[PDB]
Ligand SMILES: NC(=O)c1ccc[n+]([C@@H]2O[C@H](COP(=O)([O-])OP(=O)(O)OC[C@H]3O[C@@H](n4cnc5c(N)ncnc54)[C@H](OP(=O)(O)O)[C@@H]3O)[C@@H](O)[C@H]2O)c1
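Presented as structure tokens, the chain that follows is alone, the form deposited without this ligand.
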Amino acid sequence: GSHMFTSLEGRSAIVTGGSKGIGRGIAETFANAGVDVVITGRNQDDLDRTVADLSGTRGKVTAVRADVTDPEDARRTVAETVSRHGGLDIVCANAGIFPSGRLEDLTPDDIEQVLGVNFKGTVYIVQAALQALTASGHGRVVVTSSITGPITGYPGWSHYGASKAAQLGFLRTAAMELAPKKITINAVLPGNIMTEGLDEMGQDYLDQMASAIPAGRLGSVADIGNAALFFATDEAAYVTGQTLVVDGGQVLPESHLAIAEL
């Protein structure tokens, strides 16, 4: 019949930080493709709510309460996922926080909280998952990075951007170490994506954000989930150590004047 990509139905995934925002969208996109998904988070109430919301998906979404900055929780997460699903094929190293603080105000704890969730939590879940991902014979790691850091700057986010670029520096070497294991590791770099959190500002400001983007809208969490889904396919086995910016063209204009001359 018609064939696009090979179905991922019945494979096993972890989405760290999966109870809300982009991570929830990644989880729902994989579950709609028939992949069983464990989402992680620190807040059991939020995890339970998201598991309930997603109860009708084809693949089964369940939760593990875990702190990505603790390697022992990362190992517990992988073990619990393998127990529930039977193995582990896909890790979406997604968990991310984005508090703001100008350079002169950032404390050591501010810097370590952001680097610890965003960067160390990516490393630790990949480390815990290596043996199972190797055993799968088609392991996939997708990292949720950002345009902020690798490409752009944004006042108040110099530690955030540092952490998102750190993920990429890490994976450019990790892809080489993981190639003999037949695991690929790539990152999605979201631009400005509409989430529950951004709903807490007015249409005025959201319209200003959209008008600065060539696509003329903020992205959806499904836009990120679908990019991660492509990297997870068998058909992406020759893509590794790489990045895909998903931003409706946000990084392209040199300024709003270039947008306006349209």
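In this text, the rigid core denotes the largest set of C-alpha atoms whose superposition between the two forms falls within 1.5 Å. Note that residue numbering begins at 1 and tracks the sequence as displayed.
We do not show the form deposited with this ligand bound, though everything after this point is about it.
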Notebook entry, point to check: Do heavy atoms from each of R11, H85 and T233 fall within 4.5 Å of this ligand in the bound PDB entry?
Noted result: no
Item checked: Answer option from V117, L130, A175, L106, heavy atom within 4.5 Å of this ligand in the bound PDB entry -> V117
Next item on the list: Decide whether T62 counts as a contact residue for this ligand in the bound PDB entry under a heavy atom distance cut-off of 4.5 Å.
Entry: no
Next item on the list: Give a yes or no for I193: in the bound PDB entry, does one of its heavy atoms lie within 4.5 Å of a heavy atom belonging to this ligand?
Entry: yes
Notebook entry, point to check: Does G225 make contact with this ligand in the bound PDB entry, using a 4.5 Å heavy atom cut-off?
Noted result: no
Note to self: I'd like to know whether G197 contacts this ligand in the bound PDB entry, with contact meaning heavy atoms within 4.5 angstroms.
What the structure shows: yes
Note to self: Looking at heavy atoms inside 4.5 Å, which stretch does this ligand contact in the bound PDB entry, given the options 132-140, 179-187, 74-82, 88-96?
What the structure shows: 88-96
Check: After the core is superposed, which of these residues, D207, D48, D234, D70, moves its CA 2 Å or more between the shown form and the other one?
Finding: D207
Notebook entry, point to check: Would you say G197 moves between the shown form and the other one, meaning its CA shifts by 2 Å or more once the core is fitted?
Noted result: yes
